[PDB]
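Only one structure is covered here, and it is reproduced in the block below.
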Amino acid sequence: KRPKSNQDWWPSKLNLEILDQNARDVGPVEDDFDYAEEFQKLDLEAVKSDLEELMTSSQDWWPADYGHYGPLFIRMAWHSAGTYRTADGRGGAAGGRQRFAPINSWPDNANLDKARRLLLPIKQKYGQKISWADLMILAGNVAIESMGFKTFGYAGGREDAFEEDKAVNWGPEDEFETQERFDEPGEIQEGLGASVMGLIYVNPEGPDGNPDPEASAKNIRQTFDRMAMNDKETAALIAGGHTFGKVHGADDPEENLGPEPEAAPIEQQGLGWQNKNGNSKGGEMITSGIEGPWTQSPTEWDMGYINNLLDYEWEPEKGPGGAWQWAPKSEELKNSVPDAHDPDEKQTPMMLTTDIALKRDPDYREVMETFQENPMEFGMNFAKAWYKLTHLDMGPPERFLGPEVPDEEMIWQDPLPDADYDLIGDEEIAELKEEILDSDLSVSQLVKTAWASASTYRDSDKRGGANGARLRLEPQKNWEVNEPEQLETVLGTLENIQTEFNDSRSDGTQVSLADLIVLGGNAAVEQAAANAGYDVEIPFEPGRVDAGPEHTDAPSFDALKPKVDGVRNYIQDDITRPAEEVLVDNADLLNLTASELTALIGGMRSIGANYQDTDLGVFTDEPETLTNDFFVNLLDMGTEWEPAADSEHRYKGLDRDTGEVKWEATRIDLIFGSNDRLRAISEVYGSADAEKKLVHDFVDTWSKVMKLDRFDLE
Amino acid sequence: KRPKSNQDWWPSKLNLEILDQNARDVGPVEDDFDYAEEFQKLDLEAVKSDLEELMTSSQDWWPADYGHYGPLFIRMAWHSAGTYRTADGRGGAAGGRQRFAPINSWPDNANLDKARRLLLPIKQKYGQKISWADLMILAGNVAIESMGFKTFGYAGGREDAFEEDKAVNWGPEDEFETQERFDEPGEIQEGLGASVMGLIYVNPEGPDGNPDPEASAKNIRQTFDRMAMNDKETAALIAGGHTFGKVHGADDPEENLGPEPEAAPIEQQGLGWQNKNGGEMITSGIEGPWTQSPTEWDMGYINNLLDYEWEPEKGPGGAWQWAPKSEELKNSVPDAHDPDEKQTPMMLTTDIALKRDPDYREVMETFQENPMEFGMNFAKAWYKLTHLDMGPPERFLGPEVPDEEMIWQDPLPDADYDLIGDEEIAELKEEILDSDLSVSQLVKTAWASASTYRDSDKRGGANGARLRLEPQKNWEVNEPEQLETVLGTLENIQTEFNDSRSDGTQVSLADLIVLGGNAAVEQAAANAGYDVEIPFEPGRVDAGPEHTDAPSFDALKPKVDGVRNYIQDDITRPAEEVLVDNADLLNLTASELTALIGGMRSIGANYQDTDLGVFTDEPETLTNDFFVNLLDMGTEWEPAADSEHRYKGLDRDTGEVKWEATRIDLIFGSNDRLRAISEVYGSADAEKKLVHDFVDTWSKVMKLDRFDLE
Ligand code: HEM
Ligand code: HEM
């Protein structure tokens with residue numbers, strides 16, 4: 001049978017498994033070497049040369065359309081990066097997770113198992129020097145280039161994952177190719193990048209399977225927006241992409257294709273969708289169930305897509321695979337395209353409902369008209385959009401490796417300016433820490449501010465962090481959670497210190513506000529530990545710079561705004577999920593393990609760095625003194641808990657005997673004494689000789705978070 | 001909502017998560033610090049003194065019955081150790097996993113959340129010096145001692161787990177307290193230690209809820225047998241345990257108790273079964289004490305059971321229970337809380353089972369004839385029950401460990417001789433390689449010796465050379481005929497060496513087996529062009545039949561052996577699932593398992609010397625050939641005709657039949673995660689890494705039962 005899962009018995013059980021993924025690096029790789037180093041040893045041009053040859057080296061087990069695999073590889077790359085969501089930065093091509101379930105078996109990724117299989121020889125040849133992640137995007141680039149279109153650039157550095165990302169919530173649906181996320185097109189439930197479970201963006205036949213182009217445009221626009229693309233970028237990508245290849249639907253996929261990869265027999269060795277007539281038959285190939293090319297020359301860059309779409313009238317019909325597609329009302333395009341495999345046959349172009357959407361929608365139409373009138377403009381926008389699409393989850397320019405990285409840095413890379421001054425030394429670091437502690441700022445204020453600065457980092461797409469001090473810029477400076485009013489006060493004091501420090505130097509040395517914010521936080525934690533009798537020294541890495549509005553796409557940073565913040569015990573009154581679930585989801589972005597999260601929160605409550613300075617979870621009589629009081633008091637059976645009257649997130653801790661109110665807290669605090677696993681960690685920290693251990697573990701986790709975006713140490 | 005799992009989309013997806021548990025050590029504890037060292041610092045007597053006081057220190061949130069928590073702690077300890085299964089060694093008290101789901105929420109563990117909570121202050125007071133696992137058993141011991149019965153002994157050493165054991169298959173049922181595992185009592189499906197999902201062993205009311213004691217006895221006998229206990233031990237444990245306390249069922253549990261811990265509100269802070277309404281406690285739904293003095297060791301249970309006639313009835317909680325016919329026992333027991341109230345003794349269907357079943361009755365009559373005999377059968381059975389998953393005697397720690405070692409500990413003799421040195425080792429290795437034994441014979445034999453180890457209960461392993469004794473020497477998988485040949489040759493080497501020595505130095509056959517294996521692996525590596533030096537730990541001893549309970553070792557027999565590509569024809573689960581299950585027992589991660597099998601196939605050490613999975617034309621040469629050829633798209637795979645787990649690999653262009661393989665070999669090229677690992681080892685410049693990873697894993701397995709080093 002099956003060893004069953006606690007998840008099955010209790011559907012609402014905290015999914016700590018997502019944090020366990022941060023406790024180790026699954027896979028055979030040794031944790032002594034970084035991929036960046038290995039990639040640097042790669043002869044990129046040699047790999048591209050091999051990719052070039054592969055493009056026209058048809059393998060019989062999966063015949064190349066028109067004798068060129070290029071279009072297939074472009075789709076592969078498109079789908080690899082296409083799962084990206086701006087909401088949490090998850091999905092995307094950075095880990096090459098298209099290779100693992102569930103993505104590897106999504107209907108929208110049908111036959112991409114074969115595409116990836118074609119690249120295996122090249123992958124084996126270069127080994128660790130090139131990740132599957134980097135290889136898949138490079139294959140897409142070489143494809144495009146070999147078909148007459150120079151790409152804007154390419155960067156390597158994507159480290160391969162060895163399993164799926166367990167933290168990604170792909171939707172509520174209990175079945176692929178079905179949707180329970182939108183009633184009206186354009187109103188998809190927030191936090192999802194697609195309109196249908198198992199699809200990249202939208203249904204190619206139209207919303208809910210109805211060939212309604214106008215409605216389709218609403219979903220296309222919303223989904224692409226959730227994938228960081230605007231109208232011009234979306235139109236450029238779709239049009240540029242569909243300028244190549246064709247759709248496959250020789251027959252109905254629901255009855256002519258075998259089980260997806262995950263459900264396929266062991267002998268298929270990782271492949272899926274076995275065609276009843278044999279995969280070898282190019283003329284019987286089935287993928288989406290839709291059939292036909294978009295242009296007359298499917299393997300050459302040109303204006304064929306835009307011209308076919310705009311210059312002709314189209315009608316909705318049922319294709320050979322039984323799916324909705326569009327045919328031209330004219331007879332000028334009849335059999336105007338050669339058959340993908342039969343040298344003695346021809347085909348007629350077709351358009352997807354989603355293609356017609358670009359022509360029917362007013363705004364998209366304006367863009368397409370402009371593109372048709374200005375080929376160079378079309379090319380320019382597609383080149384930049386393709387580069388963006390394939391690199392948006394790689395983080396800052398510091399992480400872009402290789403000889404093909406453009407000199408130009410794009411705004412979506414959240415670029416950082418150079419430090420035109422000498423860095424502070426050890427003596428200055430000690431000096432500044434003392435000066436910060438000697439100001440009117442409290443330990444709580446300093447800890448709260450440093451956390452506000454670093455807490456925006458997310459390991460999914462490497463965006464956020466303390467470097468740049470974007471906390472002082474829009475929109476962060478005005479985020480409710482950051483307490484704008486209070487924030488300005490703290491930053492003013494730190495700015496004055498910066499001013500006085502810089503003016504007193506005579507050697508060219510300067511300190512950034514970004515560093516002082518973190519340095520003040522470290523000093524505060526050290527002081528808190530000192531008040532408890534412990535002497536700890538937090539390692540500090542100077543060099544963070546102060547980014548300006550010119551380096552910041554303000555609107556794009558709103559996605560990093562936390563709805564729940566554990567360190568500050570902040571809970572937005574709009575959250576749907578239980579507070580603890582959001583807490584775990586956010587902890588994952590900071591690469592925290594269950595134990596680290598526990599030490600962080602429990603240690604923090606001893607210091608007391610709450611939003612609006614509440615006493616929620618602050619189970620101690622000596623605030624700003626780092627101890628294990630949180631755990632000792634949380635575990636005291638002398639206290640009985642209950643939801644607070646007329647409160648949405650408040651709970652009261654009452655003396656079991658007297659009935660007196662001893663403490664107040666939220667689910668963020670109480671989850672550590674409720675969840676079976678977290679309670680086990682709490683018991684360790686709440687024991688008699690575990691205070692020093694908690695202090696050190698807290699300090700280690702604090703330091704870890706403060707340095708998350710310092711890729712220079714990576 | 002919440003993120004769905006691949007498990008939900010694909011129910012039959014390989015559960016590699018069980019192997020991932022061997023990769024990292026969740027929990028806040030350092031990876032270096034070892035528990036044995038910390039327990040050594042503990043003042044055991046001080047802990048017992050505190051537990052002694054706790055027994056009569058009633059806490060308002062869970063008032064002690066009869067003013068003594070002893071019985072409750074006994075039940076807590078019995079349930080902690082009670083989930084053990086000999087089949088895989090899983091379950092049991094060694095990790096204190098009663099603290100985590102699903103066990104912490106099984107209906108049979110109702111209100112033990114409170115029992116464990118009572119121990120929290122002591123746990124906090126002593127910290128890392130005593131694990132929850134050790135403390136729960138110690139609490140049971142102190143309870144028994146405080147109520148007038150001396151225990152046989154106690155050993156510390158149980159390292160706390162920080163999560164549930166994902167490798168345990170608790171059963172096929174989709175609902176607690178239901179059973180889809182037996183059609184006739186005494187015929188429960190293989191591999192399960194209980195007759196019902198969510199219960200420790202059996203239904204207290206009777207099989208399928210029918211109060212039939214003769215039938216109940218059949219399930220009691222089979223389940224306890226699956227937990228390593230025979231008739232005398234079973235009767236002694238039940239009678240001894242029920243000499244204490246009572247069952248709680250003031251009203252029906254189905255409508256009077258709140259949700260189990262895992263489903264309880266956050267404010268309950270880990271507790272569950274909150275009563276929705278002198279002791280109105282409700283646990284099992286059955287109500288009443290077994291004896292007149294529930295907090296005193298005596299013959300009350302046995303006398304009440306055997307000296308009176310009993311009849312079944314529905315108690316106040318709506319459950320089956322038995323009442324005595326005589327009015328002599330009516331109101332003979334004080335109420336657990338209401339001092340001005342009395343109660344009549346009761347028996348469970350499972351207790352009446354000990355009287356109605358012919359064989360159990362004979363045992364009980366014997367117990368009643370001599371309390372001293374009953375007492376010691378119970379003392380020894382309680383010790384066994386609570387220590388059977390702790391491994392050999394070397395792992396038993398503390399001042400209360402008995403000088404006497406029991407056969408279930410799989411004891412080992414002392415080495416009454418001087419250990420061999422580096423020169424002797426080098427010499428012996430050469431001697432082995434100079435014999436007519438092949439690289440394959442040596443690797444296979446060393447694997448056969450070491451592969452029986454299981455991390456679940458720490459049984460098995462190469463120490464003791466039990467491979468040469470019954471029943472292992474005759475297991476089909478070990479190829480008896482071939483094994484004898486190897487052992488004979490190695491035995492002659494041992495004899496010659498031991499005689500040649502003059503300073504009293506000797507070498508065990510146990511060590512020669514492993515040394516031979518290592519030498520062979522080092523040779524296989526050398527054939528491929530690699531110089532590897534496998535570390536060797538001399539000191540394994542040769543156990544004899546007197547240190548071996550032969551029938552108990554059959555539980556360690558493999559149904560599937562990946563290294564030897566052996567698959568029993570009676571397996572129910574897919575071979576790859578058994579492979580993963582067995583890999584977990586060897587503490588292997590997915591990558592280690594992958595390196596082990598792949599590397600092993602280049603060496604070629606298959607059962608019956610088949611070419612299954614041996615994707616290389618250079619056998620006994622350690623390379624990454626397995627992966628290179630497995631991943632070659634030039635080859636197409638198909639199921640072998642009329643085969644069970646066999647496949648054929650054909651060249652796609654030439655039609656040449658290149659290879660033969662099993663699901664064991666092919667899963668590494670099919671499963672999404674394993675294939676990613678395979679691609680790494682099958683890469684152009686990864687052969688050296690594969691060789692090293694294989695060697696490291698081989699060495700790891702050979703040393704699994706070397707606790708002396710732990
Ligand atoms: C509104 C978004 C889109 C939808 C609904 C969509 C749709 C689809 C469908 C249904 C197929 C055919 C699969 C098959 O049967 O073989 C296909 C393929 C293709 N798509 Fe798109 N697509 C979109 C966007 C994009 C983008 C942004 C790119 C790349 C810049 C790309 C490029 C391709 C290429 C090159 C092919 C042809 C593959 C081949 O010849 O095998 N697509 N698409
Ligand atoms: C498979 C055979 C057995 C069955 C069916 C069984 C059943 C039960 C049930 C139904 C309860 C009452 C739970 C409650 O309502 O509070 C109980 C309690 C008890 N059991 Fe057993 N049991 C068995 C074996 C054992 C063994 C082997 C021992 C220990 C040597 C033990 C010791 C206890 C103790 C001392 C209590 C009383 C708890 C208290 O007073 O709170 N039991 N059992």
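Here, A, B, ... name the chains of the structure tokens in the order displayed, residue numbers run from 1 inside each chain, and ligands are numbered from 1 in the same displayed order.
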Legend entry - Those of range 569-622 of chain A in DSSP alpha helix (DSSP H), formatted as a PyMOL selection string: chain A and resi 579-589+594-607
Legend entry - At most 7 Å from ligand 2 (only C-alpha atoms and all ligand atoms): residue list as number ranges by chain: B: 71-72, 74-75, 78, 200-204, 220, 237-238, 240-242, 244-249, 282-287, 350, 382
Please save N, CA, C and O atoms of the selected residues as a short mmCIF file (atom, residue, chain, number, x, y, z; two decimals), in the first residue's frame.
```cif
data_model
loop_
_atom_site.label_atom_id
_atom_site.label_comp_id
_atom_site.auth_asym_id
_atom_site.auth_seq_id
_atom_site.Cartn_x
_atom_site.Cartn_y
_atom_site.Cartn_z
N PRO B 71 -0.34 4.58 37.14
CA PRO B 71 -0.99 3.81 36.06
C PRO B 71 -1.00 4.56 34.73
O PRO B 71 -0.76 3.98 33.67
N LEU B 72 -1.27 5.86 34.79
CA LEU B 72 -1.31 6.65 33.56
C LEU B 72 0.06 6.62 32.88
O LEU B 72 0.14 6.48 31.66
N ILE B 74 2.30 4.28 33.17
CA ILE B 74 2.56 2.93 32.69
C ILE B 74 1.93 2.81 31.31
O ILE B 74 2.55 2.30 30.38
N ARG B 75 0.69 3.26 31.18
CA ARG B 75 0.03 3.19 29.89
C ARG B 75 0.80 4.02 28.85
O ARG B 75 0.96 3.60 27.70
N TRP B 78 3.80 1.96 27.81
CA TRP B 78 3.40 0.78 27.05
C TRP B 78 3.01 1.21 25.63
O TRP B 78 3.36 0.54 24.64
N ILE B 200 -2.90 0.22 19.18
CA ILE B 200 -1.57 -0.31 19.45
C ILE B 200 -1.47 -1.75 18.96
O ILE B 200 -0.61 -2.07 18.14
N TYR B 201 -2.35 -2.63 19.45
CA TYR B 201 -2.33 -4.02 18.98
C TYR B 201 -3.70 -4.48 18.50
O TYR B 201 -3.86 -4.83 17.34
N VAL B 202 -4.69 -4.46 19.39
CA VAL B 202 -6.03 -4.94 19.04
C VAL B 202 -7.16 -4.07 19.59
O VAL B 202 -6.93 -3.18 20.41
N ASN B 203 -8.38 -4.34 19.13
CA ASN B 203 -9.56 -3.62 19.59
C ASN B 203 -9.91 -4.16 20.98
O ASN B 203 -10.15 -5.35 21.15
N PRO B 204 -9.95 -3.29 22.01
CA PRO B 204 -10.27 -3.73 23.37
C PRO B 204 -11.67 -4.31 23.57
O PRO B 204 -11.92 -5.04 24.53
N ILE B 220 -4.85 -11.13 19.44
CA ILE B 220 -3.89 -10.76 20.48
C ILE B 220 -2.60 -11.55 20.24
O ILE B 220 -1.50 -10.99 20.26
N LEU B 237 2.56 -9.43 30.37
CA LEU B 237 2.46 -7.99 30.15
C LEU B 237 1.03 -7.46 30.34
O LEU B 237 0.82 -6.44 30.99
N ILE B 238 0.05 -8.13 29.76
CA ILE B 238 -1.33 -7.65 29.91
C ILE B 238 -1.79 -7.73 31.36
O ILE B 238 -2.33 -6.77 31.90
N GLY B 240 0.10 -8.00 34.07
CA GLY B 240 0.90 -7.12 34.90
C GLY B 240 0.48 -5.67 34.74
O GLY B 240 0.35 -4.93 35.71
N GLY B 241 0.26 -5.25 33.50
CA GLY B 241 -0.15 -3.88 33.24
C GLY B 241 -1.51 -3.54 33.83
O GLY B 241 -1.67 -2.51 34.48
N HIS B 242 -2.48 -4.41 33.61
CA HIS B 242 -3.83 -4.16 34.10
C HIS B 242 -4.03 -4.43 35.59
O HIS B 242 -5.14 -4.35 36.11
N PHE B 244 -2.77 -2.51 37.38
CA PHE B 244 -2.82 -1.09 37.73
C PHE B 244 -3.86 -0.26 36.98
O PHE B 244 -4.19 -0.55 35.82
N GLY B 245 -4.34 0.78 37.65
CA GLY B 245 -5.27 1.73 37.04
C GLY B 245 -6.67 1.33 36.65
O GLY B 245 -7.27 0.40 37.21
N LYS B 246 -7.20 2.06 35.68
CA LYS B 246 -8.57 1.85 35.22
C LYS B 246 -8.73 2.32 33.78
O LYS B 246 -7.82 2.93 33.22
N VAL B 247 -9.90 2.05 33.20
CA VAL B 247 -10.22 2.49 31.85
C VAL B 247 -11.22 3.64 32.07
O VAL B 247 -11.98 3.61 33.04
N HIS B 248 -11.20 4.64 31.19
CA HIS B 248 -12.08 5.80 31.35
C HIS B 248 -13.14 5.95 30.26
O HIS B 248 -12.82 6.04 29.07
N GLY B 249 -14.41 5.97 30.68
CA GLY B 249 -15.50 6.10 29.73
C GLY B 249 -16.77 6.58 30.42
O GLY B 249 -17.80 5.92 30.37
N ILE B 282 -12.89 10.81 30.08
CA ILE B 282 -13.29 9.93 29.00
C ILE B 282 -12.07 9.74 28.11
O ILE B 282 -11.53 10.72 27.61
N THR B 283 -11.65 8.49 27.93
CA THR B 283 -10.49 8.20 27.10
C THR B 283 -10.89 7.16 26.05
O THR B 283 -11.13 7.51 24.89
N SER B 284 -10.97 5.90 26.46
CA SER B 284 -11.34 4.83 25.53
C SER B 284 -12.85 4.71 25.35
O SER B 284 -13.33 4.24 24.32
N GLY B 285 -13.60 5.12 26.36
CA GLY B 285 -15.05 5.01 26.29
C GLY B 285 -15.49 3.82 27.13
O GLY B 285 -16.68 3.53 27.25
N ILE B 286 -14.51 3.11 27.69
CA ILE B 286 -14.77 1.95 28.54
C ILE B 286 -14.51 2.46 29.96
O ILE B 286 -13.57 3.22 30.17
N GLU B 287 -15.33 2.04 30.93
CA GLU B 287 -15.19 2.58 32.29
C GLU B 287 -15.03 1.61 33.46
O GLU B 287 -15.83 0.69 33.63
N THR B 350 -10.57 -8.28 25.85
CA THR B 350 -9.20 -8.74 25.67
C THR B 350 -8.61 -9.39 26.93
O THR B 350 -7.64 -10.14 26.85
N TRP B 382 8.62 -6.67 30.58
CA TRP B 382 8.51 -5.21 30.54
C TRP B 382 9.83 -4.60 30.09
O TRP B 382 9.87 -3.64 29.31
#
```
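Near chain A, the residues of chain B that fall inside 6 Å (using only C-alpha atoms) are residues 3, 28, 100, 124, 125, 127, 168, 169, 266, 267, 269, 270, 591, 637, 638, 669, 670, 672, 683 and 684 of chain B.
Here the strand (DSSP E) residues in range 161-300 of chain B, by DSSP on the backbone, are residues 246, 247, 288 and 289 of chain B.
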Inset, instruction - Would you mind listing what lies within 9 Å of residue 75 in chain A as a PyMOL selection string, with only C-alpha atoms counted and same-chain residues fewer than 5 positions away left out? - result: chain A and resi 70+80+112+140+241
Exercise answer, 7 Å around ligand 1 with only C-alpha atoms and all ligand atoms, as a short mmCIF file (atom, residue, chain, number, x, y, z; two decimals) with C-alpha atoms, in the first residue's frame:
```cif
data_model
loop_
_atom_site.label_atom_id
_atom_site.label_comp_id
_atom_site.auth_asym_id
_atom_site.auth_seq_id
_atom_site.Cartn_x
_atom_site.Cartn_y
_atom_site.Cartn_z
CA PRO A 71 11.03 26.34 -32.75
CA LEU A 72 10.66 23.38 -30.38
CA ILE A 74 12.15 28.17 -28.18
CA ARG A 75 8.90 26.78 -26.77
CA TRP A 78 9.47 29.92 -23.10
CA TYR A 201 -0.51 31.50 -18.87
CA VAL A 202 -3.89 30.97 -20.51
CA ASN A 203 -6.05 28.51 -22.45
CA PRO A 204 -5.00 28.63 -26.12
CA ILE A 220 -3.62 37.26 -21.38
CA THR A 234 3.39 40.75 -24.15
CA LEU A 237 6.79 38.01 -27.03
CA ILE A 238 3.69 36.28 -28.39
CA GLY A 240 7.93 36.97 -31.92
CA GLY A 241 7.52 33.50 -30.49
CA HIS A 242 4.75 32.46 -32.83
CA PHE A 244 8.36 30.31 -35.43
CA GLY A 245 7.14 26.73 -35.69
CA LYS A 246 3.64 25.33 -35.47
CA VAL A 247 1.08 23.70 -33.19
CA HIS A 248 0.62 19.90 -33.19
CA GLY A 249 -2.77 18.20 -33.25
CA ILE A 286 0.20 15.46 -31.27
CA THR A 287 0.99 17.93 -28.49
CA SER A 288 -1.63 20.60 -27.78
CA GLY A 289 -4.25 19.00 -30.00
CA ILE A 290 -4.28 22.14 -32.15
CA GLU A 291 -2.79 21.76 -35.64
CA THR A 354 -5.03 33.91 -28.17
CA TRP A 386 13.04 37.74 -24.51
#
```
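Taking CA of residue 648 in chain A as the reference point, CA of residue 573 in chain A is found at 8.0 Å.
CA of residue 261 in chain B to CA of residue 123 in chain B spans 20.4 Å [interatomic distance, one decimal].
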Legend entry - Atom-to-atom span, CA of residue 504 in chain B and CA of residue 412 in chain B, Å: 20.4 Å
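Look at residue 402 in chain B: the protein and nucleic acid residues within 9 Å of it, using only C-alpha atoms and passing over chain neighbours fewer than 5 places away, are residues 152, 153, 154 and 155 of chain B.
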Residue 488 in chain B surroundings by only C-alpha atoms, 12 Å radius, close-in-sequence under 3 positions cut, as a PDB file with C-alpha atoms, in the first residue's frame:
```pdb
ATOM      1  CA  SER B 435      43.056 -16.886  -3.109  1.00  0.00           C
ATOM      2  CA  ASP B 436      40.825 -18.178  -5.892  1.00  0.00           C
ATOM      3  CA  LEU B 437      37.981 -15.922  -4.740  1.00  0.00           C
ATOM      4  CA  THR B 445      29.717 -11.988   0.632  1.00  0.00           C
ATOM      5  CA  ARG B 468      27.629 -18.063   8.705  1.00  0.00           C
ATOM      6  CA  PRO B 480      23.945 -21.216   0.406  1.00  0.00           C
ATOM      7  CA  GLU B 481      26.105 -23.335  -1.912  1.00  0.00           C
ATOM      8  CA  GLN B 482      28.163 -20.386  -3.147  1.00  0.00           C
ATOM      9  CA  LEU B 483      28.345 -18.872   0.337  1.00  0.00           C
ATOM     10  CA  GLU B 484      29.827 -22.050   1.828  1.00  0.00           C
ATOM     11  CA  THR B 485      32.614 -21.936  -0.757  1.00  0.00           C
ATOM     12  CA  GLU B 491      37.924 -19.833   7.275  1.00  0.00           C
ATOM     13  CA  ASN B 492      41.116 -21.529   6.096  1.00  0.00           C
ATOM     14  CA  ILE B 493      42.833 -18.133   5.875  1.00  0.00           C
ATOM     15  CA  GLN B 494      41.761 -17.384   9.453  1.00  0.00           C
ATOM     16  CA  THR B 495      43.009 -20.740  10.739  1.00  0.00           C
ATOM     17  CA  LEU B 509      35.926 -14.337  10.386  1.00  0.00           C
ATOM     18  CA  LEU B 512      37.947 -11.129   7.198  1.00  0.00           C
ATOM     19  CA  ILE B 513      34.595 -10.902   5.440  1.00  0.00           C
TER      20      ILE B 513
END
```
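Look at range 609-626 of chain A: the protein and nucleic acid residues within 7 Å of it, using only C-alpha atoms and passing over chain neighbours fewer than 3 places away, are residues 443, 444, 447, 448, 481, 528, 529, 531, 532, 567, 568, 569, 570, 603, 604, 605, 606, 629, 630, 633, 663, 664, 665, 666, 669 and 695 of chain A.
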Keeping only N, CA and C atoms, take the residues you just selected and write them out as a compact mmCIF listing (two decimals), in the first residue's frame.
```
# COMPACT_ATOMS: atom_id res chain seq x y z
N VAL A 443 17.27 49.84 21.39
CA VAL A 443 17.62 48.54 20.82
C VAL A 443 16.49 48.10 19.89
N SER A 444 15.26 48.21 20.37
CA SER A 444 14.10 47.81 19.58
C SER A 444 14.04 48.54 18.24
N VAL A 447 16.80 47.28 15.90
CA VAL A 447 16.57 45.92 15.44
C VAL A 447 15.42 45.93 14.44
N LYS A 448 14.35 46.66 14.79
CA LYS A 448 13.19 46.75 13.91
C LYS A 448 13.54 47.32 12.54
N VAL A 481 3.55 48.45 7.29
CA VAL A 481 4.34 47.59 8.17
C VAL A 481 5.63 48.26 8.64
N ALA A 528 21.72 43.64 23.36
CA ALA A 528 20.66 42.84 23.97
C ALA A 528 21.26 41.57 24.57
N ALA A 529 22.21 40.96 23.86
CA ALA A 529 22.86 39.75 24.35
C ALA A 529 23.72 40.11 25.56
N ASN A 531 23.07 42.49 27.74
CA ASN A 531 22.21 42.73 28.89
C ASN A 531 21.85 41.41 29.56
N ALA A 532 21.95 40.32 28.80
CA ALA A 532 21.63 39.00 29.32
C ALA A 532 22.86 38.27 29.84
N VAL A 567 8.78 38.61 12.80
CA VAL A 567 9.68 39.36 13.67
C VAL A 567 8.97 40.54 14.32
N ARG A 568 8.11 41.21 13.55
CA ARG A 568 7.39 42.37 14.06
C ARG A 568 5.96 42.08 14.50
N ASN A 569 5.57 40.80 14.45
CA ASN A 569 4.24 40.38 14.84
C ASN A 569 3.21 41.29 14.18
N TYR A 570 3.30 41.38 12.87
CA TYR A 570 2.41 42.20 12.07
C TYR A 570 1.54 41.29 11.22
N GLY A 603 13.66 34.43 19.97
CA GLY A 603 14.71 35.32 20.40
C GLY A 603 14.26 36.76 20.27
N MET A 604 13.56 37.05 19.18
CA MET A 604 13.06 38.39 18.91
C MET A 604 12.06 38.88 19.96
N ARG A 605 11.16 37.99 20.39
CA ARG A 605 10.17 38.38 21.39
C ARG A 605 10.79 38.79 22.71
N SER A 606 12.00 38.31 22.96
CA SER A 606 12.72 38.65 24.19
C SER A 606 13.20 40.10 24.05
N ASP A 629 13.26 33.52 27.55
CA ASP A 629 12.03 33.76 28.30
C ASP A 629 10.78 33.44 27.49
N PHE A 630 10.82 33.70 26.18
CA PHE A 630 9.66 33.43 25.34
C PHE A 630 9.22 31.96 25.45
N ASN A 633 8.08 30.90 29.21
CA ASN A 633 6.73 31.34 29.50
C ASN A 633 5.67 30.76 28.58
N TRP A 663 -0.43 37.38 29.68
CA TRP A 663 0.15 37.76 28.40
C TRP A 663 -0.90 37.86 27.31
N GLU A 664 -0.50 38.41 26.17
CA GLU A 664 -1.37 38.53 25.00
C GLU A 664 -0.50 38.10 23.83
N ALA A 665 -1.10 37.53 22.79
CA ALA A 665 -0.31 37.08 21.65
C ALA A 665 -1.15 36.85 20.42
N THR A 666 -0.48 36.44 19.34
CA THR A 666 -1.14 36.15 18.08
C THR A 666 -0.83 34.70 17.71
N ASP A 669 2.82 33.72 17.50
CA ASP A 669 3.49 33.32 18.73
C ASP A 669 3.08 31.92 19.20
N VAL A 695 20.55 31.99 22.33
CA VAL A 695 21.19 33.25 22.00
C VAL A 695 22.10 33.12 20.78
```
Legend entry - Contacts of range 475-477 of chain A at 12 Å (only C-alpha atoms; same-chain gap of 6+ positions) as a PyMOL selection string: chain A and resi 449+452-456+464-466+469+483-491+549+552-562
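Minimum distance to residue 523 in chain B across B:620, B:313, B:32, B:576 (counting only C-alpha atoms) occurs at B:620.
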